[PDB]
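Here is what each chain is made of, one letter per residue.
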Amino acid sequence: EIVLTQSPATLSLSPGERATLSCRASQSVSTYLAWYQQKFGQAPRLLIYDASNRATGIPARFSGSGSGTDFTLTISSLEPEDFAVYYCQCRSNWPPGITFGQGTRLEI
Amino acid sequence: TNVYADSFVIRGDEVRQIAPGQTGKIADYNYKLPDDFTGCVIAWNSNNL
Amino acid sequence: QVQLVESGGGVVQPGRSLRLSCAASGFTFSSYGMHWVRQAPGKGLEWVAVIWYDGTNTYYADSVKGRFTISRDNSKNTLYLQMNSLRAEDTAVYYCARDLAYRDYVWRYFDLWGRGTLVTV
């Protein structure tokens, strides 16, 4: 079973800079990973599917990359529309399910 | 019976054009699959190999 | 007006049963598969159930295996879900969701979300 391992535990950074988070999957998943961005209280919305594909409604300042057990998201210019928590997500065969990560908070 | 299945390695975008009664470049010059075709289509990642 | 609205939120004792609903609207109901994903208070998303666009197959998560029933009635274009043997952990925001793909069986993504109903016991 896949348990996603997320680093760094937290980020603190000024807006306008380049913010890069890492999610190291336990074991190879081919190309099949998703990123979810959840503001405090809000409804999460998918950002990246297929682990480099910029889903619709997502300005190009959101980029992600990786395959196997290396997966990282980059953000070019942080704005208060973007300061939220983030999860890395995938799907399973044995036992069929989904495992999320622990979450990664963003701070000014 | 008669459960014949294929194997092709094909360009990513063109995948969708492989369906019954659909046009394009593979559908004309490389492959025809019968119209009113009731069978099943399965695809996946092979950039890894 | 492409939205889902859930329905049936309430409170019930442990051991008892509840039945929820999702109304779909703005699209053709019987052409997409449907999921319900539940968001326990203060916690992350946990998929609960799915149904194929043709209602031939369902899978349920381990936490609910054999305990909830997912079903679609195209007459009103309304999704339902029965519940059995609810326990304390079951408190959650059930977001009924819609599958991403039109007539694909892969069932990975949730493209459109109900506003979510509280249920607590």
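You'll find the structure just up there.
Here the residues of each chain are numbered from 1 in the order the sequence is written, which can differ from the numbering of the entry; residues without coordinates are not included. Whichever chain is written first is A, and whichever ligand is written first is 1; the rest continue in order. Values throughout apply to the visible chains only, these chains being members of a larger assembly. Computation of side-chain values: all heavy atoms of the structure, hydrogens and water removed. Residues with missing side-chain atoms are left out of burial classes, side-chain pairs and their counts.

## Concerning the sheet that holds strand β3 (residues 19-24) of chain A
Residues and elements named next belong to chain A. Taken in spatial order, the 4 strands line up as β1-β3-β8-β7 in an open sheet, and their pairing is antiparallel. The open sheet terminates on both sides in strands that have one partner only, identified here as β1 (5-7) and β7 (62-65). Strand after strand, the sheet turns through a mean of 20 degrees between neighbouring axes, direction not considered. At least two DSSP bridges between two strands are required for those strands to pair. Numbering of helices and strands runs from the N terminus, with a helix taken as a DSSP run of H or I at least four residues long and a strand as a DSSP run of E at least two residues long. Axis definition: a line fitted to C-alpha atoms, limited for helices to the stretch in contact. Angles are taken between N-to-C directions and run from 0 to 180 degrees.

## A short note on the pairing of strand β9 (residues 85-89) of chain A
Residue and element names in this part refer to chain A. Note on classification: 1.4 Å probe, protein chains only; a residue is buried when its accessible area is under 20% of the maximum for its type, exposed when over 50%, partly exposed between these limits. Burial analysis of β9 places 5 of its 5 residues in the buried class, which makes it a mostly covered element. Side chains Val85, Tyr87 and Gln89 project from β9 onto one buried face, and the interleaved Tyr86 and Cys88 project onto a second face that is buried too. In this structure, strand β4 (residues 34-38) lies alongside β9, joined through 5 bridges in antiparallel fashion. From the neighbouring strand, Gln38 faces β9, where its bridge partner is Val85. Where β9 meets strand β10 (residues 104-107), 2 bridges bridge the pair, whose relative direction is antiparallel. In the sheet register, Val85 faces β10, and the bridge partner there is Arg105.

## Re the arrangement of the chains
Two residues form a contact once any of their heavy atoms are found within 4.5 Å. Here the protein chains form 2 pairs of chains in contact, of which the pair with the most contacts is chains A and C. You won't find any contact between chain B and chain C; their C-alpha atoms come no closer than 10 Å.

## A few points about the sheet that holds strand β5 (residues 68-73) of chain C
Residues and elements named next belong to chain C. Read across the sheet, 4 strands follow the order β1-β2-β6-β5 without closing on themselves; strand pairing throughout is antiparallel. Each end of this open sheet is capped by a strand with a single partner; those strands are β1 (3-7) and β5. The mean inter-strand angle of the sheet, taken between neighbouring strand axes irrespective of direction, is 20 degrees. When β1 meets strand β2 (residues 19-25), the two strands line up antiparallel, connected through 5 bridges.

## Overview of the pattern of salt bridges
Any carboxyl oxygen of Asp or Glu that lies within 4 Å of a side-chain nitrogen of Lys or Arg is treated as forming a salt bridge with it. Within this structure, the stated rule accounts for 8 salt bridges over all chains. Between C:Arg38 and C:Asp90 there is a salt bridge; the shortest N-O distance is 3.3 Å. Of this pair, C:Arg38 sits in strand β3 (residues 32-39) while C:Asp90 is found in the loop between β6 (78-83) and β7 (92-102), placing the two residues 52 residues apart along the sequence. Of the two residues examined, C:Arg38 and C:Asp90, each falls in the buried class. The residue C:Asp111 makes a salt bridge to C:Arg98 at a minimum N-O spacing of 2.3 Å. Here C:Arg98 lies in strand β7 and C:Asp111 lies in strand β8 (residues 110-113), a separation of 13 residues in the sequence. Judged by its relative accessible area of 22%, C:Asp111 is partly exposed. Three or more residues joined by partner-sharing salt bridges are found here, namely A:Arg61, A:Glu79 and A:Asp82.

Purely spatial values, then, with no claim about function.
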